[PDB]
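A short write-up of the structure that comes next.
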Amino acid sequence: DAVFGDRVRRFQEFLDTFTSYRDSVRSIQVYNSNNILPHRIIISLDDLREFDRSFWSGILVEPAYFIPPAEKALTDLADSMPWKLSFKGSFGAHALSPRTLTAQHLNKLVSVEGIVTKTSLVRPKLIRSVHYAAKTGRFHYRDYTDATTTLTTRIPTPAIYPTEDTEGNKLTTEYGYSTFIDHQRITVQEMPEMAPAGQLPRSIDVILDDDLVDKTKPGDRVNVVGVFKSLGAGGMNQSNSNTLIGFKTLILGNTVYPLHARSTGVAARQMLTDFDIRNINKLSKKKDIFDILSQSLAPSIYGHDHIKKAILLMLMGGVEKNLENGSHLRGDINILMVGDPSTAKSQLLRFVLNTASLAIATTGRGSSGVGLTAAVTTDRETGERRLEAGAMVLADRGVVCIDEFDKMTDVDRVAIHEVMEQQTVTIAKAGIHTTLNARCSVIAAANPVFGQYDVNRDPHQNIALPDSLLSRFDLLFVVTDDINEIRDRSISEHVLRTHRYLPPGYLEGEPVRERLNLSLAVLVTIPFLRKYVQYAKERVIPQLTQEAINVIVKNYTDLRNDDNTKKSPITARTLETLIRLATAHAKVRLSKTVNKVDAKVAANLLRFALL
Amino acid sequence: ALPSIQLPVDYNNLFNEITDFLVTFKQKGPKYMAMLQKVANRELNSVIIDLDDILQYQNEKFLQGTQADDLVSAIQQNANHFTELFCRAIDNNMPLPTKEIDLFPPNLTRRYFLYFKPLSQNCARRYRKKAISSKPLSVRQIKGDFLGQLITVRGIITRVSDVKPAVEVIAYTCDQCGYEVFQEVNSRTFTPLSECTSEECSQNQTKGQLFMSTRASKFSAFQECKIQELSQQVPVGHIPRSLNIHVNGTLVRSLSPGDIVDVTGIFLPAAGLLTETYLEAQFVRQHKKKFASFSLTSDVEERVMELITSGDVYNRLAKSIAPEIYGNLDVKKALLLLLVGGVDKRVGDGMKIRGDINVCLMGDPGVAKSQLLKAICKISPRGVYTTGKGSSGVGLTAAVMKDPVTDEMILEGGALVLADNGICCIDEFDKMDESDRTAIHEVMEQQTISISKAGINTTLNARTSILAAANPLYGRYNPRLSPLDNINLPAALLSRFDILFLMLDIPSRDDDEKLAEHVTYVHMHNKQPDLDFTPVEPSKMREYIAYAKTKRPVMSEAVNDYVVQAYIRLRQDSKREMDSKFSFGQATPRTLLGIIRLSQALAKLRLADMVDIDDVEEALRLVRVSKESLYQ
DNA sequence: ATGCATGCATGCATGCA
DNA sequence: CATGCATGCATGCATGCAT
Ligand SMILES: Nc1ncnc2c1ncn2[C@@H]1O[C@H](COP(=O)(O)OP(=O)(O)O)[C@@H](O)[C@H]1O
Ligand SMILES: Nc1ncnc2c1ncn2[C@@H]1O[C@H](COP(=O)(O)OP(=O)(O)O)[C@@H](O)[C@H]1O
Ligand SMILES: [Mg+2]
Ligand SMILES: [Mg+2]
Ligand SMILES: [Zn+2]
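Protein sequences, first through last, are from chains 3 and 7.
Just so you know, the first sequence maps onto residues 18 to 51, 90 to 136, 152 to 592, 650 to 738 in the deposited numbering.
Just so you know, the second sequence maps onto residues 4 to 30, 59 to 133, 191 to 358, 368 to 729 in the deposited numbering.
Structure (structure tokens):
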């Protein structure tokens, strides 16, 4: 009875010392004085460790006797100037996974990372029930509670819905004046990247409510911070129930974070500071910007300067349109490479898979054409025939990297025609008729039909793809391994230079260590490239101008009536391609007008790709 | 136990304002008194309350200066309680049948259904009162905070049940004492009464047995529906969700599968504290009016008159289909004739002939075939869009399924049954399996489907018009090969089309500049270039085509003689080419029927009861120009 | 004239209620 | 666990083209 108040005081003086969280109280409060933000604050456990070790160890080891006091202190501060708490920072040995969670950790605050495997349907929960009595003309109210509402244990109460007033007057429900709170239950499993091969994985349930009720979707990588609890009685109460059962366990979540990985739905994100923005703006002034940002892509590969420029343009992307009637004009860029063996194709696909904010990788004969377009007519537990998302659906607003693209059969290639140009997946099969969004872009690699590019034969004899498919690819590049003497000396020296490199903080001969990269979502280094791309894509939308209009219309007309031979046919789509590329370049310069240089660069790039 | 709390509401003043509104409001005498007079006189089974009327009434009373209450806000927050308040007032001000006819719970006496109509947005802006009931919301934006309120949901209907009886007030009778007992029901299941509870039976030692009386009970009409989200509302990378709807009273049969709608209702709750939810429908609003619901009201006549008197209507209405696509004037004309259609014909004997037009577009890559099927699926009021790959044949015709609401087993229909009385636009026609196209033949010709698999031995009805898109055998066109072999459709399937356009892309330095300028203008400005042409909006165009579809022109003999001569000419001219193997096929009677149908449709678009001869001339010109690219 | 490759059509495996 | 329908994957056969 007295420890509670002492703990309340100790958290009040903890808030008093560190004034950051005080600031973040006026913040979600002055703004609710005209989306109401939710009253949840986040505290760093490192600060709480450096302030008071005993209180820190209590939260980590004995949450049920330390958290409610902190919540009461926080509510008191807010009212003086309820509010709930979330925790971030180091967790020591408490940071576990579904495989390593044992009975030793029950009734402790833990953080668990894994893959979200099964979500539920959000439902409301009754928390206060109001009633009206017309005979007396008065309002009454009842309250309810359950085990999973508070951390401490409270004697069960006899939940009963009132129907008659003490005087006998009949009551009627006032559904609009009652209180309801949302509730979801999810399942977390051990990630495939960490689970041992050939062994069945382990799972754990998590319960979320209120403002944490819908923040992740199945198949995502998640990190949940909450209390590991026990409920019920494993036959103990019963005189004779069984001797082979135990108590039921679950996690009362209070924080959920989505983690970004490779070939996963969640998209990476960084927090941009004033320093980052200033540096980006300063860097964008230099005239060689398109070359600085372009030679820094895969700097361990020699040459391919134009494929690298195309990669950067695809990363930046153009601007799409939506007319009033309801028309849609594509705004993405797609790339195809056809090449000889050992021309650094799969090593550029993997670079894109590793540097793009969201990308999914797929091979050729590997994934069928229903696994890409989401034809997952399946059934759920409720019984509703549902479509399960696919590679191109999950990659909405992302990229798809296709390796061995020539091995994909026609029955599988024809499913991608709609996605590459209409940017939708309309599935109509027994009992189901729906349309999903697939606004993705594609980068694909392939090799000739003869093993190597035969220069004597016509391009159609080598590439061997339909013109329908070839039109949808914006840029098609041909790469050849021609044996030289001057070039071989340079490419050997470069390769041998790469193979002699020591990471900082290592001793020559010491093996290097590898780790998995699970970041927390929300020449120049790679991080700066990501920051630059994010800023440019999120805060720039250029507009066409007459000069670009003239350059594009001249180039298109000249290309259509030509006596040359092209690796791909020329249609109306090419015009749009010229408009896209131009816009992308204007996006790289952080300009709001597609100037003439943009159009000229687009023309040069397309002409190199074709001729 | 059961403490008390204080609230600002007052269910006494509001009932008085309810009566004042209901017997003192005028837009003829009082507005709602007349509606009650119709109800008494047995001409109206439904009374509807417009919240705009209440808002205006209270605004006028504020102008009077006398204090009042915010009735509309009270209804918006707690709407399931005001239904009975209004019913009570309506039962105390009803008149007596001026015409002639040929204690107990109050609902046995009532014969009328009360519905609330949301508060408009224009009225809100007129009187500065942001409206919560007229803000469309997705199935994903409806959370616990909205339980008990009056809201609207925008979506697409997926499944609908069959109207069934639902008992609201069971009645019983006692053969021993003769009393009547009434039981109210507000749950999915119930337990009936067994032994008599009257004064006499109570006093006596022999208590009688009660019996349910079906005729005396208050049976209502119940239906249930499911609504999903539109693809424009789902977030990035998610899957759309669904929601349930209950319909009771005189709204049944107002929702059909596949219709995009705005539905207003009350969000009400249904061992645990968790609860299921549902929307009690109060008012439906369709985004595209069905053609077979048209009436020549004064307003619609005024609107159609301007189009009629504006000279060129055929070109105005053909240039207005996808005004962002340059050229393709004849294609757009044949697609405008697709919407109207011919005139079906029953010969009085056991024979019938269709009246719908089927169209096909075969062309080279990048000629905007798909973007015209996506505009035609949007202009039509009941349009469907499907792609050749994403189809199964069954997925187009039908299969079996079981109804959760009732216990009946039902047959589910595909895209060609959803598009009934509409266009079923099929893209990538060539790439779907030939064993899947063969189910389209019967739909094209007899407008029916015949299923003889297990469990089901029956027929369906599909009055659909097919707009198909396809490509040549090897991508681009090959001038060396014959026109017939270049395409890959059997002769039987070709004959069933009435228009088959060949949109070949032949570069030419002069006309490509025009296309480039049009497209790049469409991108710099978000609208189309021409400043002399003002396209007719989709609503005004749908309204004109609906007016046109009511005609049924006939033909004279002076046109019959021309039709026969043209048919003989074509059917003789065709054999030479067909034998020569540079051709498209061989003319058959279906060509004659297609010419007749195209003439009828052109006659209808002119609002005429007779088919002129300039219509059989326009029809022949279209059928000729259909192939005037192969003769470049 | 023979062999190889590609496309199509027939078969099976799943999944179901 | 047998019956029969709809999806999706796999295989073997036939035809065409090239050497
Ligand atoms: N231009 C190049 N510069 C540096 N290394 C290269 C270059 N081309 C090929 N390599 C090396 O040769 C190997 C070829 O592997 P890969 O990229 O898979 O070939 P492919 O072109 O068939 O995809 C890679 O490991 C890569 O390091
Ligand atoms: N005549 C035209 N006018 C305007 N845009 C056109 C025209 N022809 C082609 N396009 C453009 O080219 C694209 C062709 O896409 P799509 O409709 O898929 O062609 P198809 O279906 O014939 O393969 C469209 O996005 C359209 O904007
Ligand atoms: Mg490779
Ligand atoms: Mg197309
Ligand atoms: Zn009795």
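We treat Cβ as the ideally placed atom computed from N, Cα and C, and that holds for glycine.
Using a Cβ-Cβ distance cut-off of 8 Å, the region 653-665 of chain 3 and the region 573-587 of chain 7 are not in contact, since fewer than three pairs of beta carbons, one from each stretch, lie closer than that value.
Neighbours of residue 538 (chain 3) in chain 7, taken as residues whose beta carbon is under 7 Å from its own, are 462, 568, 572 in chain order. For residue 541 (chain 3), the C-beta contacts it makes with chain 7 under 7 Å involve 462, 463, in order along the chain.
By alpha-carbon distance to residue 453 (chain 3), the top candidate from 64 (chain 7), 501 (chain 7), 590 (chain 7) is 501 (chain 7).
Listed along chain 7, no residue sits closer than 7 Å to residue 172 (chain 3) by beta-carbon distance, the nearest being about 30 Å off. Cβ-Cβ separation between residue 721 (chain 3) and residue 686 (chain 3): approximately 19 Å, too far for a contact (criterion under 8 Å).
Residues of the region 227-250 of chain 7 with a C-beta less than 9 Å from any C-beta of chain 3: 228, 231, 232, 233, 235, 236, 237, 246, listed in chain order. Annotation note: the region 277-304 of chain 7 contains the following uninterrupted beta strand (DSSP E) runs of length 3 or greater, listed N- to C-terminal: 298-300. For residue 624 (chain 7), the CB stays at least 8 Å from every heavy atom of ligand 2. Within the region 234-248 of chain 3, the residues whose Cβ lies closer than 8 Å to any Cβ of chain 7 are, in chain order, 235, 236, 242, 244, 245, 246, 247, 248. Within 8 Å of the C-beta of residue 416 (chain 3) there is at least one heavy atom belonging to ligand 3. Beta-bridge pairing by DSSP links residue 343 (chain 3) to no other residue. In the DSSP annotation of this structure, residue 509 (chain 3) is not part of any beta strand (DSSP E), being labelled neither H nor E. Within 10 angstroms of the beta-carbon of residue 213 (chain 3) lie fewer than 16 other beta-carbons, which makes it exposed. Using a Cβ-Cβ cut-off of 9 Å, residue 194 (chain 3) counts as an interface residue toward chain 7, since at least one Cβ of chain 7 sits closer than that to its own. For residue 391 (chain 3), a Cβ of chain 7 is located within less than 9 Å of the residue's own Cβ. In the same chain as residue 291 (chain 3), and ignoring 5 residues on each side of it, the C-beta atoms closer than 8 Å to its own belong to 183, 184, 185, 186, 261, 328, 329, 330, 331, 334, 336, 588, in chain order. Burial is judged here by how many other beta carbons sit within 10 angstroms of a residue's own beta carbon; residue 712 (chain 3) has at least 16 and is buried. From the listed residues 462 (chain 7), 410 (chain 7), 402 (chain 7), the smallest Cα separation to residue 631 (chain 7) is found for 410 (chain 7). Residue range 556-568 is occupied by the alpha helix (DSSP H) that includes residue 563 (chain 3). Interface with chain 7 (9 Å Cβ-Cβ cutoff): residue 49 (chain 3) is excluded. By the CB criterion at 9 Å, residue 85 (chain 7) and residue 243 (chain 7) fall outside the cutoff. Secondary-structure assignment with DSSP links residue 259 (chain 3) through a beta bridge to 185 (chain 3), 273 (chain 3). Listed along chain 3 are 684, 687, 688, each with a C-beta nearer than 8 Å to that of residue 606 (chain 7). Taking the C-beta atoms as reference points, residue 358 (chain 7) is found no nearer than 9 Å to residue 458 (chain 7). When beta bridges are read from the DSSP output, residue 259 (chain 7) appears opposite 270 (chain 7).
Close to residue 480 (chain 7), with beta-carbon spacing below 9 Å, lies no residue of chain 3; the smallest spacing is near 12 Å.
Shown here for residue 212 (chain 7): same chain residues with a beta carbon closer than 7 Å to its own, the five before and five after excluded, namely 218, 219 in chain order. Under the Cβ criterion of 9 Å, residue 624 (chain 7) is counted among the residues facing chain 3. According to the DSSP assignment, residue 558 (chain 7) belongs to the beta strand (DSSP E) that extends over 555-558. For residue 577 (chain 3), the number of other beta carbons within 10 angstroms of its own is below 16, and it is reported as exposed.
For residue 491 (chain 7), the neighbours in chain 3 by C-beta distance under 7 Å run, in chain order, 500.
Excluding its 5 nearest sequence neighbours in each direction, residue 122 (chain 3) has no C-beta neighbour in its own chain below 6 Å. Bounds of the beta strand (DSSP E) holding residue 523 (chain 7) are 519-524. Shortest gap from the CB of residue 612 (chain 7) to any heavy atom of ligand 2: under 8 Å. Between residue 530 (chain 7) and residue 489 (chain 7), the alpha-carbon positions lie close to 9 Å from each other.
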